[PDB]
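*Asks:* After the structure tokens below, expect a handful of questions from me.
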Amino acid sequence: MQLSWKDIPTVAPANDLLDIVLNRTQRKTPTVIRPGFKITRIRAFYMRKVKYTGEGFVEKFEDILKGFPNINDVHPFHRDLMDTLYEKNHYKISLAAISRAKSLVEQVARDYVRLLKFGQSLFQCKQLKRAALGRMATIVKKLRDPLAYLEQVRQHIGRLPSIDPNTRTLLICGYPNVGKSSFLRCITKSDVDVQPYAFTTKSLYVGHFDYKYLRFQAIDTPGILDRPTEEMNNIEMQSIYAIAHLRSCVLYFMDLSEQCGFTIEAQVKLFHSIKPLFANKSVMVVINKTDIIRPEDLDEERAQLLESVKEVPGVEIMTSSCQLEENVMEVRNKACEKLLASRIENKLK
Amino acid sequence: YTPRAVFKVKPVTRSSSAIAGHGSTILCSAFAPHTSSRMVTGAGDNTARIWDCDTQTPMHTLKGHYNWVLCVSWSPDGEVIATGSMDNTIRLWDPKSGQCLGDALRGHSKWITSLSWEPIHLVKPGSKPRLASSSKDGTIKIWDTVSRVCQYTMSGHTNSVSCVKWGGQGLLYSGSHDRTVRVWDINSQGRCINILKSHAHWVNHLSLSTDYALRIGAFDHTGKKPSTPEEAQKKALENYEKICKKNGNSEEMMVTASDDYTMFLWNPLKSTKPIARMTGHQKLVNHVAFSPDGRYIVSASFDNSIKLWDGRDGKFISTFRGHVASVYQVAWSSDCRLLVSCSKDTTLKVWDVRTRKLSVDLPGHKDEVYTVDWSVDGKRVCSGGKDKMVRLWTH
Amino acid sequence: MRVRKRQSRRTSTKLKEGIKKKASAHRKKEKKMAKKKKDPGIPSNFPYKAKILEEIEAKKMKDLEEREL
Amino acid sequence: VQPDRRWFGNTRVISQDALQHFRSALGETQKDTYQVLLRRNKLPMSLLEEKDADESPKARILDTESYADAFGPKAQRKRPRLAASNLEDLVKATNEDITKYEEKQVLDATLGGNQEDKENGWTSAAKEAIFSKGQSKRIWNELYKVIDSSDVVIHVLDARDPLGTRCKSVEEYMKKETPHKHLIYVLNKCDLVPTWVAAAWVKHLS
Amino acid sequence: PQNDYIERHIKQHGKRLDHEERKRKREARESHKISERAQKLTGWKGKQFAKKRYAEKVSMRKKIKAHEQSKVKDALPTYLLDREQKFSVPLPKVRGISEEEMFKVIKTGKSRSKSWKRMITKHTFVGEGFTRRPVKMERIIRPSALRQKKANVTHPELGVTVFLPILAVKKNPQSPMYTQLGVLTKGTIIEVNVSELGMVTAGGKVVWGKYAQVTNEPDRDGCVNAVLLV
RNA sequence: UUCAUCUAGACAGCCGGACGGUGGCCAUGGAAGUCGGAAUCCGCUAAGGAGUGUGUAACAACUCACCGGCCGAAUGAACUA
RNA sequence: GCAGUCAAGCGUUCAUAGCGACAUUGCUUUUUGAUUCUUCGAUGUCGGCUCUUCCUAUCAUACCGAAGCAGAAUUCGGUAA
Ligand SMILES: Nc1nc2c(ncn2[C@@H]2O[C@H](COP(=O)(O)OP(=O)(O)OP(=O)(O)O)[C@@H](O)[C@H]2O)c(=O)[nH]1
Ligand SMILES: [Mg+2]
């Protein structure tokens with residue numbers, strides 16, 4: 001489905017699937033047949049065994065197929081998200097393996113039953129029963145790796161959050177150690193790390209906040225290093241696809257201090273660098289960490305770099321002692337308001 | 001119109017005397033690149049044989065090895081025998097004497113798959129074509145063949161580097177199971193220059209447009225015995241511009257085989273992007289080559305196929321039905337109007353590129369065949385392997 | 001504390017004679033397979049771990065020597 | 001089974017020139033509805049068949065990134081394939097992707113729909129058990145009985161709606177499991193279709 | 001909860017004040033709980049448990065042998081390596097099938113009095129122009145569920161097995177009529193396509209049909225398993 | 001029953017060491033024995049793995065395998081019935 | 001199921017005469033959850049009202065165990081008729 005798929009049952013590993021379905025056909029069917037009964041009764045006994053086992057496997061599989069979020073053709077944001085997350089290639093090919101196996105076991109049952117209606121002795125039919133069931137068993141025993149993959153993709157995508165692609169958003173991005181999560185935790189009710197190290201998160205964290213009785217979601221991203229778009233991570237391409245698809249205001253976070261362990265010129269280098277992905281967002285940047293430095297004393301090259309910042313159509317360099325929570329509100333209202341103009345100028349056509 | 005690489009070689013049809021010898025499974029046999037008689041063969045053991053095709057006797061067998069030798073490629077002067085051996089070491093030789101020259105080649109870690117040499121018209125007249133050996137462990141050691149020690153290994157590949165060539169612009173060509181191509185030069189001293197990332201499954205049998213000439217070592221459509229190295233290198237650059245001046249310039253084409261059927265032709269010199277999406281196989285392709293006159297590209301595979309393409313972009317030209325099995329090792333004629341190809345089974349099937357047909361068959365082993373090469377007058381081939389039979393050909 | 005049925009341990013003469021017949025056929029089949037040494041020597045832990053091989057060698061220096069002469 | 005020189009005596013060899021001879025008429029052979037097939041005199045398919053495909057059989061990835069490197073706590077991969085480079089071309093891709101997702105969104109918005117009804121909560125009833133009168137296994141049994149006991153088959157259509165009363169999915173099975181039956185057609189009740197359509201409906205099906 | 005929330009929780013607050021002295025004692029007590037489950041656990045849970053524990057002990061013995069071995073301390077080519085896969089017939093003296101098995105009777109008439117019809121019960125091979133004969137005249141019936149058009153046949157060498165279409169059947173021990181009928185009981189020698197194994201002799205045009213003997217009753221299962229005589 | 005260890009102190013327990021050259025080399029955002037690939041050296045030793053596991057984002061910290069202090073007599077392992 | 005590799009251990013002691021568990025290796029139509037508009041001869045007659053009881057090889061209800069099980073809802077498993 002959409003929006004935080006948590007409705008997928010559970011993918012028991014191949015040995016457990018074998019156990020579950022076979023034990024089930026052992027318990028929920030009669031298990032006493034004698035050589036003495038009518039050959040019709042014997043044929044019926046073993047037919048029912050085979051058909052029931054087939055149905056059981058098929059439902060175990062059909063559940064997975066109907067459950068998984070169907071990566072392709074959902075929404076480009078999520079499509080590329082599970083690309084960077086769970087390897088689109090492997091995803092599709094594993095699920096396809098499962099569909100093939102479902103067809104295979106349906107065929108096994110539908111052949112061996114047409115056979116059993118020609119058996120002539122308890123032993124012939126018992127051998128057919130063992131034969132069909134053993135063939136289904138190996139068919140499923142093949143599925144070691146797909147299922148071991150699917151268990152973890154399920155226990156991951158279930159946790160994975162739910163950001164609507166189209167409601168009012170606010171993206172928060174920049175270098176590690178700068179203050180993305182500081183701002184998020186200080187603005188909206190969430191639980192995101194603050195510890196003084198580089199990759200204080202590793203995936204997209206969300207937090208809602210209200211404004212004009214309306215709902216606005218804010219998204220902190222892990223961040224980006226230099227990484228000339230050749231070498232990246234599943235860490236970085238998430239922020240990439242986010243800043244790409246999601247269309248709202250953005251907050252670039254930099255600093256002039258001893259923390260945020262890069263150079264300011266590299267910071268504006270990355271600003272120019274991600275400027276290509278600042279198409280329809282109306283960026284506001286934040287000259288941050290402004291509590292002790294009083295950063296009005298920035299050198300002439302910083303002046304030139306902010307002159308370059310002031311090339312974009314809608315710009316805003318603004319100070320924020322992000323721990324002095326009495327200016328983070330001015331920042332939030334400022335930015336979202338200057339967004340509402342363009343958002344409504346779309347909505348009114 | 002068209003060129004010819006002008007010569008006339010008749011359609012080969014004769015298995016000559018099938019020869020016995022050391023009863024093991026031959027893998028790769030190398031020919032004398034100047035005279036058309038001498039084959040060397042490191043079979044499925046440690047030892048190595050030398051024989052003649054025109055007197056059909058053991059030409060001073062090249063014994064004296066302690067572990068399995070794998071891949072034999074001849075030097076361009078007919079004076080050096082480096083041989084691929086799957087151990088960590090190599091031994092150097094010479095056919096004319098057939099004596100121990102020096103000792104091991106220390107340093108490697110696993111099997112030595114392909115051997116390269118210097119391009120001929122390039123390096124000084126009266127020199128030693130140095131070597132950049134490879135391994136299974138991704139290493140590339142550049143020996144000055146005299147010192148048989150290398151200074152700088154360059155390590156762009158982490159996979160098993162299986163293909164080595166030296167292109168005549170001072171260029172290099174290394175190839176590994178990393179699905180990616182990496183080309184270096186000589187003035188690097190531990191550096192990588194051209195990193196081409198195409199394939200999703202690994203590479204196999206990196207080809208060359210200069211392979212024929214720059215492995216013959218400046219010999220003609222008749223294959224004489226030169227005297228002066230300066231004029232020999234003249235002949236090399238001359239036949240060079242005779243064969244590689246298709247588009248007026250010798251832009252070294254690079255079409256590398258694959259698993260994933262992404263069969264891709266390249267031009268490294270002026271670009272990184274590829275050129276030719278000449279696909280169509282069904283199974284793994286192993287063997288490819290450029291025509292001697294560089295005019296087309298031949299691909300033979302594991303799917304009963306034989307393909308010839310446009311030697312100008314990599315456009316399809318022909319595919320040749322008529323097989324049963326995989327097609328392993330494919331060697332070029334001299335007339336360039338003909339082809340031989342070793343199938344998986346006994347037969348060694350022969351072709352007609354001038355009019356794009358099959359010429360005839362040539363069966364006669366009773367096991368699998370491995371090696372196919374060519375004589376330096378366009379006359380003979382030696383083919384031995386799993387059949388333990390080094391069957392010899394002629395027209 | 002519900003108690004569920006316990007299997008009977010009575011005879012069933014039909015089954016008892018069937019057992020006789022089954023066992024006899026099995027013995028015969030064994031004889032079919034029948035128609036188709038590392039002796040232990042000395043156990044350890046014995047107290048007289050000295051006198052034994054000494055007596056055997058006292059025997060052997062005679063069993064060997066009373067061949068030739 | 002008495003020992004023999006057969007059974008280790010090869011049986012059914014065939015020649016280079018025979019393959020060359022009969023691979024040759026597949027792109028020729030003169031087949032019309034005025035000539036039917038009777039016999040086979042079997043010829044080696046796995047070699048005589050298989051025209052060329054120029055589609056690049058889908059690449060394989062299994063033997064190169066297994067599963068535990070793909071995803072899982074091992075996860076022996078960090079950087080993408082093919083690791084897009086051109087940022088402008090990428091934002092081109094992504095903006096056109098959202099807009100094209102909107103194009104499909106409007107396809108489904110225009111065509112449907114059922115979402116309003118399922119929000120009302122009601123649903124369409126059970127289609128009657130009478131609407132399964134031709135799709136019973138008692139029936140398909142006799143169907144295959146006549147398919148197998150027949151030397152040829154006549155698939156009677158009706159003139160007034162051949163395109164609706166064909167709905168074949170049985171000729172797909174016929175051609176492949178028993179090719180030597182040739183599925184004549186009779187367009188019955190023609191008069192209810194004038195001679196004009198009596199010609200139009202045959203002219204493009206013959 | 002967004003991501004690894006229980007782990008963020010464990011790092012922020014912790015675990016139950018006794019999650020360690022419970023895990024420890026659970027472990028130390030599992031050694032006792034293993035024997036309890038082995039002396040109780042009647043009736044196929046005991047079978048599953050015993051077979052499972054046998055698996056485990058086997059694996060551990062495998063592992064420790066491997067570790068002590070680790071403590072102690074052909075020749076394919078490049079274009080090939082690193083890739084992985086008397087005149088006596090192998091099977092005389094198969095058992096004999098009476099004419100009452102492999103021949104079932106079909107009484108005809110509402111008054112079952114005028115049978116004259118028989119039905120083969122073993123897997124047959126019918127050819128390529130089967131085209132069932134008229135109902136009034138047919139006396140032998142080999143029903144469509146019991147038919148075969150291919151056989152899974154292996155090779156002595158190459159260590160291979162392939163599914164090959166069955167061209168025709170040559171020798172069926174215990175009858176010539178069974179051979180005329182093409183009944184695939186065990187032991188029968190069928191003439192099967194062999195194109196994929198691709199063999200060429202001296203001159204060796206190419207073989208596309210060979211002989212192969214079946215080695216499993218196609219009734220105790222549905223497959224046909226045959227082996228080739230090179 | 002077949003094997004060993006043991007007052008030149010056996011087993012179980014506490015307590016102590018479990019080290020330098022050396023964050024061995026690759027791979028990367030970090031991988032300091034413990035995500036991962038390639039061997040596994042020497043030194044001084046009583047021992048100490050280029051490390052059994054818990055653990056950290058990264059070392060720490062704990063541990064084991066391995067030695068020694070305390071104690072002061074059998075204990076260990078594998079099979080057969 | 002068939003064709004093999006193992007090889008635990010067994011076999012006048014016999015691994016290389018022999019066996020031989022658990023494991024394993026081979027397709028029986030393809031790799032991107034594509035469809036499925038392909039159902040194949042039951043030789044003996046099947047299927048239903050009223051009613052009672054028993055089994056557990058448990059679908060629900062009771063109580064527990066393990067699951068990334070936050071909540072909610074499940075999945076698997078134990079006692080249980
Ligand atoms: N004093 C002060 N420090 C700030 C301010 N803003 C940011 N910082 C610094 O930035 C740190 C915030 O760290 P995070 O918010 O986690 O930055 P991050 O590591 O990039 O966060 P993630 O991207 O989610 O991993 C704080 O600990 C401060 O040291 C500010 O306004 N005042
Ligand atoms: Mg931080």
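Our numbering is plain: 1 for the first residue shown, then up by one each step along the chain.
Method on record in the header is electron microscopy, 3.2 Å.
Including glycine, each Cβ sits where the backbone N, Cα and C put it.
Straight out of Swiss-Prot:
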- B:21-61: repeat 'WD 1' (REPEAT)
- B:64-103: repeat 'WD 2' (REPEAT)
- B:107-153: repeat 'WD 3' (REPEAT)
- B:156-194: repeat 'WD 4' (REPEAT)
- B:232-276: repeat 'WD 5' (REPEAT)
- B:280-319: repeat 'WD 6' (REPEAT)
- B:322-361: repeat 'WD 7' (REPEAT)
- B:364-395: repeat 'WD 8' (REPEAT)
*Asks:* Go ahead and report the DSSP secondary structure tallies for the repeat 'WD 4' (B:156-194): helix first, then strand, then coil.
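*Replies:* DSSP classes over the repeat 'WD 4' (B:156-194) add up to 0 helix, 14 strand, 25 coil.
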*Asks:* What else in the chain is close to the repeat 'WD 1' (B:21-61), if you only count residues 6 or more beyond its ends and a Cβ gap under 8 Å?
*Replies:* 67-76, 78, 81, 83-85, 95, 98, 215-217, 219, 223, 225, 370-371, 373-377, 379-380, 382-386, 388, 390, 392, 394
*Asks:* When secondary structure is assigned with DSSP, how many helix, strand and coil residues does the repeat 'WD 7' (B:322-361) contain?
*Replies:* 0 helix, 20 strand, 20 coil
*Asks:* Looking only at residues six or more beyond either end of the repeat 'WD 4' (B:156-194), which have a C-beta under 8 A from one in the stretch?
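*Replies:* Tertiary neighbours of the repeat 'WD 4' (B:156-194) are 113-119, 121-122, 132-140, 200-206, 208, 210-211, 214, 240, 250, 252, 254, 256, 258, 266, 268-269, 272.
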*Asks:* Using a Cβ-Cβ cut-off of under 8 Å, list the residues of the same chain that are 6+ residues beyond the ends of the repeat 'WD 8' (B:364-395) and lie near it.
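*Replies:* Counting only partners 6 or more residues beyond its ends, the repeat 'WD 8' (B:364-395) has Cβ contacts under 8 Å with 7, 9-21, 23-37, 39, 41, 43, 49, 51, 53-54, 56, 216, 219, 221-223, 328-335, 340-348.
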*Asks:* Could you count the residues of the repeat 'WD 2' (B:64-103) that DSSP puts in helix, in strand and in coil?
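*Replies:* Each residue of the repeat 'WD 2' (B:64-103) counted once, the result is 0 helix, 12 strand, 28 coil.
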*Asks:* Give me the DSSP three-state residue breakdown of the repeat 'WD 6' (B:280-319), ordered helix, strand, coil.
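*Replies:* Tallied per class, the repeat 'WD 6' (B:280-319) gives 0 helix, 19 strand, 21 coil.
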